[PDB]
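What follows is a single structure, written as structure tokens, with notes after it.
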Amino acid sequence: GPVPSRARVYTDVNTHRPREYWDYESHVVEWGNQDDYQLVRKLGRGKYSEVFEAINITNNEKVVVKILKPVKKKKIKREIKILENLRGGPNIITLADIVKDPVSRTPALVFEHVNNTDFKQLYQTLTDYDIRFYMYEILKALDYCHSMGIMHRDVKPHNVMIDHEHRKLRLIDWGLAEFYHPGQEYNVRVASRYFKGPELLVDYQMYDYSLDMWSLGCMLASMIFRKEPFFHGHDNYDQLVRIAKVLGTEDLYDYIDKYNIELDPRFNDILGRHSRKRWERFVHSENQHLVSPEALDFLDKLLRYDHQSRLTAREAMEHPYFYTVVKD
Ligand SMILES: Cc1cc(O)c2c(c1)C(=O)c1cc(O)cc(O)c1C2=O
Ligand SMILES: [Cl-]
Ligand SMILES: [Cl-]
């Protein structure tokens, strides 16, 4: 069978916690007053929720209300508990309240207001300096949640809300987040296609926080090379082929051989043989101002097949790429 794997950091954080911290299924939700909130405008709808601009009429402040679609009671308490555990953390969206919507008959999460502008709307027009700046802000959120025993599992531009005027960033949509427990096998049907790590694409279930670091790498590659998305697969199989055309097939086989994983035989007719490409191949006159030796080294250390070999969030924050960013 497959060889087991463990996170190399924050491995045992949940094993030492009281049950109450990670046992989300036992969580007793504390309900506020739906009457406090007036819905203003529908901002978005996904498979799991509809999101609204609203106002809290008890203090006149703007808020965002996310009305959860019926999904699985388990997933609802999981998101709630994760949001409560992470509250006040660096660049983590703040859950202000939880109420029952009278029409949907489901929970509605109330978040402190953020500007209705996601990172996807900005990240292709940032300066070199600002790419570094906002990458560091995203890393603060990731190292915090990882240190708290939680992996986000859906890191992507749409899940980073940015207020560029105020140089402010929040990581949102914790509906796919999970608690990391060593030796646990997780669902590989997480993350969005272009941001899925190789572990997901080869069906390796014993993954960890390092999944998020692959996703972050994909974002970085897209920004510095001005290529959206960087790995542009037409489905989940072709997604792995697109990765292999950059990182090469020999290191892919080394990865799957390390963990004693077998590829879906469906790959035999599509994967081929590909050399590792040098990162300089993606540099051109229109993106070169965004590329530096430090950027390429950093990217190279995020986009590794072997999840155990990727930089952790904290190691990433130590990287020379961030030396030019002013620290508070
Ligand atoms: C179009 C859009 C605008 C937003 O402001 C949010 C979202 C979507 C959103 O999905 C979201 C999810 C979430 O878990 C917390 C949020 O604050 C949010 C949001 O704030
Ligand atoms: Cl899941
Ligand atoms: Cl980490």
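Within each chain, counting starts at residue 1; across the structure tokens, chains are named A, B, ... in the order shown, with ligands numbered 1 upward in that order.
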Contacts of residue A:137 within 12 Å, only C-alpha atoms, excl. fewer than 2 positions in-chain, as a ChimeraX atom specification: /A:89-92,130-135,139-144,160-162,167-171,216,313-314,316-317,322,325-328
What's around stretch 227-240 of chain A at 8 Å? Count only C-alpha atoms, leave out sequence neighbours fewer than 3 positions away in its own chain, and write the answer as a list in words. residues 193, 194, 198, 201, 218, 219, 221, 222, 223, 243, 244, 267 and 270 of chain A
Of the residues A:30, A:36, A:128, A:257, which is the one nearest to residue A:98, using only C-alpha atoms?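 Of A:30, A:36, A:128, A:257, the one nearest residue A:98, counting only C-alpha atoms, is A:30.
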Just to confirm, what's the straight-line distance from atom CA of residue A:117 to atom CA of residue A:41 in Å (one decimal)? 14.7 Å
Enumerate, in order of chain and increasing residue number, the residues of chain A with an atom no farther than 10 Å from ligand 1, each with its shortest atom pair and distance in Å to one decimal, counting only C-alpha atoms and all ligand atoms, as a Markdown table.
```
| residue | atom | partner | partner_atom_place_in_ligand_line | distance |
| --- | --- | --- | --- | --- |
| A:42 | CA | ligand 1 | 1 (C) | 8.4 |
| A:43 | CA | ligand 1 | 1 (C) | 4.7 |
| A:44 | CA | ligand 1 | 1 (C) | 4.6 |
| A:45 | CA | ligand 1 | 1 (C) | 7.8 |
| A:46 | CA | ligand 1 | 10 (O) | 7.9 |
| A:48 | CA | ligand 1 | 10 (O) | 9.7 |
| A:49 | CA | ligand 1 | 10 (O) | 7.9 |
| A:50 | CA | ligand 1 | 10 (O) | 7.8 |
| A:51 | CA | ligand 1 | 8 (C) | 5.8 |
| A:52 | CA | ligand 1 | 3 (C) | 7.5 |
| A:53 | CA | ligand 1 | 5 (O) | 7.3 |
| A:63 | CA | ligand 1 | 20 (O) | 8.2 |
| A:64 | CA | ligand 1 | 20 (O) | 5.5 |
| A:65 | CA | ligand 1 | 17 (O) | 7.6 |
| A:66 | CA | ligand 1 | 12 (C) | 6.5 |
| A:67 | CA | ligand 1 | 12 (C) | 9.7 |
| A:68 | CA | ligand 1 | 14 (O) | 9.8 |
| A:79 | CA | ligand 1 | 14 (O) | 8.6 |
| A:80 | CA | ligand 1 | 14 (O) | 9.9 |
| A:83 | CA | ligand 1 | 14 (O) | 8.9 |
| A:92 | CA | ligand 1 | 15 (C) | 9.5 |
| A:93 | CA | ligand 1 | 17 (O) | 6.0 |
| A:94 | CA | ligand 1 | 17 (O) | 7.6 |
| A:95 | CA | ligand 1 | 15 (C) | 8.0 |
| A:109 | CA | ligand 1 | 14 (O) | 8.0 |
| A:110 | CA | ligand 1 | 17 (O) | 7.9 |
| A:111 | CA | ligand 1 | 17 (O) | 5.3 |
| A:112 | CA | ligand 1 | 17 (O) | 7.0 |
| A:113 | CA | ligand 1 | 20 (O) | 6.7 |
| A:114 | CA | ligand 1 | 5 (O) | 5.5 |
| A:115 | CA | ligand 1 | 5 (O) | 6.1 |
| A:116 | CA | ligand 1 | 5 (O) | 4.6 |
| A:117 | CA | ligand 1 | 3 (C) | 6.8 |
| A:118 | CA | ligand 1 | 3 (C) | 7.2 |
| A:158 | CA | ligand 1 | 8 (C) | 7.9 |
| A:159 | CA | ligand 1 | 10 (O) | 7.1 |
| A:160 | CA | ligand 1 | 18 (C) | 9.0 |
| A:161 | CA | ligand 1 | 5 (O) | 6.9 |
| A:162 | CA | ligand 1 | 5 (O) | 9.5 |
| A:170 | CA | ligand 1 | 17 (O) | 8.1 |
| A:171 | CA | ligand 1 | 15 (C) | 8.0 |
| A:172 | CA | ligand 1 | 15 (C) | 4.6 |
| A:173 | CA | ligand 1 | 14 (O) | 3.2 |
| A:174 | CA | ligand 1 | 14 (O) | 5.6 |
| A:175 | CA | ligand 1 | 14 (O) | 6.8 |
| A:176 | CA | ligand 1 | 14 (O) | 9.9 |
```
For the atom pair atom CA of residue A:280 and atom CA of residue A:199, what is the interatomic distance in Å to one decimal place?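 The value is 25.8 Å.
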Write as a ChimeraX atom specification the residues around ligand 3, taking 12 Å as the cut-off and counting only C-alpha atoms and all ligand atoms. /A:7-11,138-152,180,208-214,216,302,307-317
Within 10 Å of ligand 2, which residues show up when you count only C-alpha atoms and all ligand atoms? List them as a ChimeraX atom specification, please. /A:74-75,78,153,175-178,186-190
So which residues touch residue A:184 within 10 Å, counting only C-alpha atoms, skipping near sequence neighbours fewer than 2 positions away, as a PyMOL selection string? chain A and resi 4-6+179-182+186+205-208
File of the preceding selection, N, CA and C atoms, as a short mmCIF file (atom, residue, chain, number, x, y, z; two decimals), in the first residue's frame:
```cif
data_model
loop_
_atom_site.label_atom_id
_atom_site.label_comp_id
_atom_site.auth_asym_id
_atom_site.auth_seq_id
_atom_site.Cartn_x
_atom_site.Cartn_y
_atom_site.Cartn_z
N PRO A 4 3.17 5.85 4.50
CA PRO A 4 2.58 6.95 5.25
C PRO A 4 3.42 8.23 5.17
N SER A 5 2.81 9.33 5.58
CA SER A 5 3.47 10.62 5.61
C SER A 5 2.95 11.41 6.79
N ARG A 6 3.80 12.29 7.32
CA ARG A 6 3.47 13.22 8.43
C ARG A 6 4.01 14.60 8.12
N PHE A 179 -8.89 20.11 10.18
CA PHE A 179 -7.90 19.94 11.23
C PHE A 179 -6.91 18.87 10.79
N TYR A 180 -5.63 19.15 11.01
CA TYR A 180 -4.56 18.21 10.69
C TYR A 180 -4.34 17.26 11.87
N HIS A 181 -4.50 15.97 11.60
CA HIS A 181 -4.25 14.92 12.56
C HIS A 181 -3.27 13.94 11.93
N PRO A 182 -2.12 13.72 12.58
CA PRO A 182 -1.13 12.85 11.95
C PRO A 182 -1.64 11.45 11.65
N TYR A 186 -7.35 12.05 4.17
CA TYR A 186 -8.27 13.13 3.83
C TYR A 186 -8.81 12.96 2.42
N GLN A 205 -3.82 10.47 -0.01
CA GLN A 205 -4.74 11.02 0.97
C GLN A 205 -4.10 11.52 2.27
N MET A 206 -2.86 11.13 2.55
CA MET A 206 -2.24 11.44 3.84
C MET A 206 -1.42 12.74 3.74
N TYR A 207 -2.08 13.80 3.29
CA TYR A 207 -1.44 15.09 3.06
C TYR A 207 -1.59 16.00 4.27
N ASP A 208 -1.02 17.19 4.18
CA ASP A 208 -0.94 18.07 5.32
C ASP A 208 -0.93 19.55 4.90
#
```
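Interatomic distance, atom CA of residue A:273 to atom CA of residue A:220: 25.9 Å.
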DSSP strand (DSSP E or B) residues within stretch 15-178 of chain A, listed as a PyMOL selection string: chain A and resi 37-45+49-56+61-68+92+95-100+107-112+118+150-151+160-163+168-171+178
Exercise: residue A:287 partners within 10 Å, only C-alpha atoms, chain neighbours under 2 positions left out, as a list in words: residues 128, 223, 224, 225, 226, 227, 282, 283, 284, 285, 289, 290 and 291 of chain A
Can you list, as an MDAnalysis selection string, all residues belonging to stretch 17-158 of chain A that DSSP tags as alpha helix (DSSP H)? chainID A and resid 19:22 73:86 128:147
Could the residues in this selection be written to a file with N, CA, C and O atoms, as a compact mmCIF listing (two decimals), in the first residue's frame?
```txt
# COMPACT_ATOMS: atom_id res chain seq x y z
N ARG A 19 -10.26 17.81 23.42
CA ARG A 19 -11.25 17.36 22.44
C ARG A 19 -12.01 18.54 21.83
O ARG A 19 -12.21 18.60 20.64
N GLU A 20 -12.43 19.46 22.70
CA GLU A 20 -13.31 20.56 22.33
C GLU A 20 -12.74 21.39 21.19
O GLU A 20 -13.50 21.90 20.39
N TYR A 21 -11.42 21.50 21.12
CA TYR A 21 -10.76 22.33 20.11
C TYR A 21 -11.00 21.82 18.69
O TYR A 21 -11.33 22.59 17.79
N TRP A 22 -10.81 20.52 18.50
CA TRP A 22 -10.88 19.93 17.15
C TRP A 22 -12.12 19.07 16.87
O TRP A 22 -12.39 18.75 15.73
N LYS A 73 -24.44 18.95 7.91
CA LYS A 73 -24.30 19.57 9.24
C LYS A 73 -22.85 19.55 9.74
O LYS A 73 -22.42 20.47 10.43
N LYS A 74 -22.13 18.48 9.40
CA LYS A 74 -20.74 18.29 9.78
C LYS A 74 -19.87 19.45 9.27
O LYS A 74 -19.10 20.05 10.01
N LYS A 75 -20.03 19.74 7.98
CA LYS A 75 -19.24 20.76 7.30
C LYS A 75 -19.54 22.16 7.84
O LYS A 75 -18.67 23.04 7.81
N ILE A 76 -20.77 22.35 8.34
CA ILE A 76 -21.17 23.64 8.88
C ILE A 76 -20.47 23.93 10.21
O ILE A 76 -19.81 24.98 10.37
N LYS A 77 -20.55 22.97 11.13
CA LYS A 77 -19.87 23.07 12.42
C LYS A 77 -18.34 23.13 12.27
O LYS A 77 -17.65 23.77 13.06
N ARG A 78 -17.83 22.47 11.23
CA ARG A 78 -16.41 22.43 10.99
C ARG A 78 -15.92 23.83 10.65
O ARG A 78 -14.93 24.30 11.21
N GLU A 79 -16.62 24.49 9.71
CA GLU A 79 -16.26 25.85 9.31
C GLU A 79 -16.39 26.81 10.48
O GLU A 79 -15.51 27.64 10.73
N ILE A 80 -17.51 26.70 11.20
CA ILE A 80 -17.74 27.56 12.37
C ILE A 80 -16.63 27.40 13.40
O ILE A 80 -16.06 28.38 13.89
N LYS A 81 -16.35 26.16 13.77
CA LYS A 81 -15.34 25.91 14.78
C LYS A 81 -13.96 26.41 14.35
O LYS A 81 -13.24 27.02 15.15
N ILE A 82 -13.60 26.16 13.10
CA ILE A 82 -12.34 26.62 12.55
C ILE A 82 -12.27 28.16 12.62
O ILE A 82 -11.28 28.72 13.06
N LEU A 83 -13.34 28.82 12.18
CA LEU A 83 -13.40 30.29 12.21
C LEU A 83 -13.25 30.83 13.64
O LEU A 83 -12.55 31.81 13.87
N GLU A 84 -13.90 30.19 14.61
CA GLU A 84 -13.78 30.61 16.02
C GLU A 84 -12.39 30.35 16.58
O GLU A 84 -11.85 31.19 17.28
N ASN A 85 -11.79 29.21 16.22
CA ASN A 85 -10.44 28.88 16.66
C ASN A 85 -9.41 29.88 16.15
O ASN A 85 -8.49 30.23 16.87
N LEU A 86 -9.58 30.32 14.90
CA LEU A 86 -8.63 31.21 14.24
C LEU A 86 -8.89 32.70 14.43
O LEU A 86 -8.10 33.52 13.97
N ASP A 128 6.32 44.66 -8.64
CA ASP A 128 7.19 43.66 -7.97
C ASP A 128 7.10 43.81 -6.45
O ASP A 128 6.86 42.84 -5.72
N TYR A 129 7.26 45.03 -5.97
CA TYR A 129 7.22 45.30 -4.53
C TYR A 129 5.90 44.82 -3.91
O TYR A 129 5.90 44.16 -2.87
N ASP A 130 4.78 45.16 -4.55
CA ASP A 130 3.47 44.79 -4.00
C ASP A 130 3.23 43.27 -4.05
O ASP A 130 2.55 42.73 -3.15
N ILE A 131 3.75 42.58 -5.07
CA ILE A 131 3.64 41.10 -5.09
C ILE A 131 4.30 40.52 -3.84
O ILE A 131 3.72 39.73 -3.11
N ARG A 132 5.51 40.98 -3.56
CA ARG A 132 6.21 40.56 -2.37
C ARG A 132 5.44 40.90 -1.11
O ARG A 132 5.32 40.07 -0.21
N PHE A 133 4.97 42.14 -1.03
CA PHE A 133 4.23 42.63 0.14
C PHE A 133 3.02 41.73 0.43
O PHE A 133 2.83 41.26 1.56
N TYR A 134 2.19 41.51 -0.57
CA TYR A 134 0.96 40.76 -0.35
C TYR A 134 1.21 39.26 -0.18
O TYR A 134 0.52 38.60 0.58
N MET A 135 2.25 38.73 -0.83
CA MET A 135 2.65 37.34 -0.56
C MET A 135 3.00 37.17 0.92
O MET A 135 2.62 36.18 1.52
N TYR A 136 3.73 38.13 1.49
CA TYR A 136 4.13 38.02 2.89
C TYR A 136 2.89 38.07 3.77
O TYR A 136 2.80 37.35 4.75
N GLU A 137 1.94 38.92 3.44
CA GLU A 137 0.68 39.00 4.20
C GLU A 137 -0.09 37.70 4.12
O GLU A 137 -0.68 37.27 5.11
N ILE A 138 -0.12 37.06 2.94
CA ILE A 138 -0.78 35.76 2.84
C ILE A 138 -0.04 34.71 3.70
O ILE A 138 -0.67 33.92 4.43
N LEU A 139 1.28 34.74 3.68
CA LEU A 139 2.05 33.82 4.51
C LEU A 139 1.75 33.96 6.01
O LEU A 139 1.73 32.97 6.73
N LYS A 140 1.52 35.18 6.48
CA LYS A 140 1.18 35.37 7.89
C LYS A 140 -0.06 34.57 8.26
O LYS A 140 -0.13 33.99 9.34
N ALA A 141 -1.07 34.62 7.38
CA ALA A 141 -2.32 33.88 7.61
C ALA A 141 -2.10 32.37 7.60
O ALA A 141 -2.59 31.65 8.47
N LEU A 142 -1.34 31.91 6.62
CA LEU A 142 -1.06 30.48 6.51
C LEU A 142 -0.23 29.97 7.67
O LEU A 142 -0.56 28.92 8.24
N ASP A 143 0.86 30.65 8.03
CA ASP A 143 1.59 30.13 9.19
C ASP A 143 0.72 30.15 10.45
O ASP A 143 0.83 29.26 11.30
N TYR A 144 -0.14 31.16 10.60
CA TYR A 144 -1.04 31.15 11.76
C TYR A 144 -1.97 29.94 11.77
O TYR A 144 -2.01 29.21 12.76
N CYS A 145 -2.69 29.68 10.68
CA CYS A 145 -3.64 28.58 10.71
C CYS A 145 -2.93 27.22 10.82
O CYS A 145 -3.36 26.34 11.59
N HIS A 146 -1.81 27.07 10.12
CA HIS A 146 -1.01 25.85 10.24
C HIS A 146 -0.55 25.65 11.69
O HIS A 146 -0.64 24.55 12.23
N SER A 147 -0.11 26.73 12.34
CA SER A 147 0.36 26.63 13.74
C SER A 147 -0.77 26.27 14.71
O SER A 147 -0.54 25.78 15.82
```
Using only C-alpha atoms, find the one residue out of A:165, A:254, A:264, A:35 that sits nearest to residue A:304. A:254
Shortest interatomic distance to residue A:258 - which of A:33, A:56, A:306, A:71, counting only C-alpha atoms: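 Under the stated criterion, the closest residue is A:306.
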Determine, counting only C-alpha atoms, which protein, DNA and RNA residues have an atom within 8 Å of an atom of residue A:275; residues of the same chain fewer than 5 positions away are not included. Present the result as an mmCIF file with N, CA, C and O atoms, in the first residue's frame.
```
data_model
loop_
_atom_site.group_PDB
_atom_site.id
_atom_site.type_symbol
_atom_site.label_atom_id
_atom_site.label_comp_id
_atom_site.auth_asym_id
_atom_site.auth_seq_id
_atom_site.Cartn_x
_atom_site.Cartn_y
_atom_site.Cartn_z
ATOM 1 N N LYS A 245 5.000 18.912 -17.513
ATOM 2 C CA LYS A 245 5.672 19.604 -18.602
ATOM 3 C C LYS A 245 6.593 20.741 -18.131
ATOM 4 O O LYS A 245 7.385 21.262 -18.917
ATOM 5 N N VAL A 246 6.462 21.133 -16.871
ATOM 6 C CA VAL A 246 7.330 22.137 -16.245
ATOM 7 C C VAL A 246 8.330 21.506 -15.291
ATOM 8 O O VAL A 246 9.508 21.747 -15.410
ATOM 9 N N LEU A 247 7.853 20.667 -14.364
ATOM 10 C CA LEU A 247 8.708 20.074 -13.354
ATOM 11 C C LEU A 247 9.388 18.781 -13.822
ATOM 12 O O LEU A 247 10.337 18.298 -13.199
ATOM 13 N N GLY A 248 8.893 18.227 -14.920
ATOM 14 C CA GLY A 248 9.451 17.035 -15.529
ATOM 15 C C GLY A 248 8.815 15.763 -15.020
ATOM 16 O O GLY A 248 8.307 15.701 -13.901
ATOM 17 N N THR A 249 8.890 14.723 -15.824
ATOM 18 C CA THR A 249 8.346 13.445 -15.407
ATOM 19 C C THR A 249 9.254 12.624 -14.493
ATOM 20 O O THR A 249 8.756 11.824 -13.713
ATOM 21 N N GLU A 250 10.565 12.814 -14.543
ATOM 22 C CA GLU A 250 11.429 11.985 -13.693
ATOM 23 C C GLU A 250 11.194 12.286 -12.220
ATOM 24 O O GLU A 250 11.114 11.378 -11.392
#
```
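Of the listed residues (A:191, A:108, A:303, A:155), A:108 comes nearest to residue A:34; the distances count only C-alpha atoms.
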